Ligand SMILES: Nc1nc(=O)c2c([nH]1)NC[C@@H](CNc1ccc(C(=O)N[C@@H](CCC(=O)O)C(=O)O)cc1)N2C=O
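As a starting point, one isolated chain is supplied in structure tokens, in the form solved without the named molecule.
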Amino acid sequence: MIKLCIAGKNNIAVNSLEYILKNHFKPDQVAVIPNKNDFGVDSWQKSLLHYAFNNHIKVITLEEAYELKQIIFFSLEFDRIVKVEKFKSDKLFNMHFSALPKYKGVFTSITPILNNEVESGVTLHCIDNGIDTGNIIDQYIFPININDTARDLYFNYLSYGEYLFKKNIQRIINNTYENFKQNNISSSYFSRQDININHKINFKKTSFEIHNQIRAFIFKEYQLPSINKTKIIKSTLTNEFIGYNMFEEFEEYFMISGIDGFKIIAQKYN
């Protein structure tokens, strides 16, 4: 019988399924639910369907998952809403890519950078009927490096999320894991409508903030930000003082400072 379902995508889904098959369940005891854009081709991330092809793991639909009493269900970067009322099983887990209770919702590779954080996290939680509201099982807090793009923070979510999955899976299978209610204080949330790539950069800000407004949108597979109609592939914040409110376009880059005068190098796409 199916004991465990992985729903989602990318190295976190693939490497977590590999760990299950090495350590916990036989191929016939596991199923995958792919994202809508998985076409079995490994690229900047591994394809869950390609892993399932090589390893003869079966696919189920979300509607089939609903009916399997006792299944352990994990969303790992899943692209569909998990409706807890629809499931017979109450063993439903999500790896949310933030330090809950902060940054519930979407685009968590963008929102902590845009909001001037120097740390993020991954949180393994129970799925309940709210958006990323369920009880925490475990959390890993880690730094946002000063020149990380959204893409760099995303790759860190994938690594630490895989780490939390492997750390907690035995206690989840044994049903010996502890879970705690999320705090109401410091709880934050961003919807799709709260993120706008086309939003003009506000230059009447610190160098840190101008740099954040650029690098939060650097994720080349999805998009790059623009300055004066040129795409930017990298932003570098220095602590060199070059004077307040500087802006100079060079052949390959922009030199920028905000209200505190620290030099930003914004590298042009070429």
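Numbering starts at 1 and runs along the sequence shown.
Query raised in the report: When the C-alpha temperature factors are averaged for each of 204 to 212 and 42 to 50, which stretch ends up with the higher value in the entry?
Result: If you average the C-alpha B-factors of 204 to 212 and of 42 to 50, the larger mean comes out for 42 to 50.
Next on the checklist: Please compare 177 to 185 with 142 to 150 and say which has the higher mean C-alpha temperature factor in the record.
Outcome noted: Mean CA B-factor is higher for 177 to 185.
query: From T111, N156, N94, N198, which pick has the Cα B-factor that tops the rest in the entry?
result: Of the candidates given, the C-alpha B-factor peaks at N198.
request  = Sort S98, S75, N116, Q193 by C-alpha B-factor from the entry and give me just the highest.
outcome  = The listed residue with the largest C-alpha B-factor is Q193.
Check your understanding: Once the chain's modelled residues are ordered by C-alpha B factor and cut into thirds, is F247 in the lowest, middle or highest one?
Key -> Its C-alpha B-factor, which the entry lists for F247, ranks in the middle third among residues of this chain.
* To do: Determine, from the deposited record, the chain-internal third of the Cα B-factor for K268: lowest, middle or highest.
  => CA B-factor rank for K268: middle third.
task = Would you mind ranking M255 by its C-alpha B-factor against the rest of the chain and naming the third, lowest, middle or highest?
result = Middle third by C-alpha B-factor.
Ranking the modelled residues of this chain by C-alpha B-factor as given in the entry, is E240 in the lowest, middle or highest third? For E240, the deposited C-alpha B-factor lands in the lowest third.
Per the entry's values, where does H125 land by CA temperature factor relative to the rest of its chain, in the lowest, middle or highest third? For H125, whose C-alpha B-factor we compare with every modelled residue in the chain, the answer is the lowest third.
Unshown form deposited with the named molecule bound; subsequent notes refer to it.
Does any heavy atom of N129 come within 4.5 Å of a heavy atom of the named molecule in the deposited complex? Yes.
Please determine whether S191 contacts the named molecule in the deposited complex, using a 4.5 Å cut-off between heavy atoms.
Close contact exists here: in the deposited complex, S191 approaches the named molecule to within 4.5 Å, heavy atoms only.
Task: Proximity of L114 to the named molecule in the deposited complex, heavy atoms at 4.5 Å - done: Residue-level check for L114: no, no contact with the named molecule.
### Query
Does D152 reach the named molecule in the deposited complex if we count a contact as any heavy atom within 4.5 Å?
The answer is no: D152 has no heavy atom within 4.5 Å of the named molecule.
Proximity to the named molecule in the deposited complex, single hit among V82, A99, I71, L124 (heavy atom within 4.5 Å)
Checked against the cut-off, the match is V82.
*With the partner left out here, if you bring back the named molecule in the deposited complex, are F78, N94 and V106 all within 4.5 Å of it by some heavy atom?*
Contact check passed for all of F78, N94 and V106.
Exactly one stretch in 138 to 146, 183 to 191, 166 to 174, 114 to 122 has heavy atoms within 4.5 Å of the named molecule in the deposited complex; which is it?
Stretch with heavy atoms near the partner: 183 to 191.
Though the partner is not shown here, which residues of 240 to 260 have a heavy atom within 4.5 Å of the named molecule in the deposited complex? Residues within 4.5 Å: none in this stretch.
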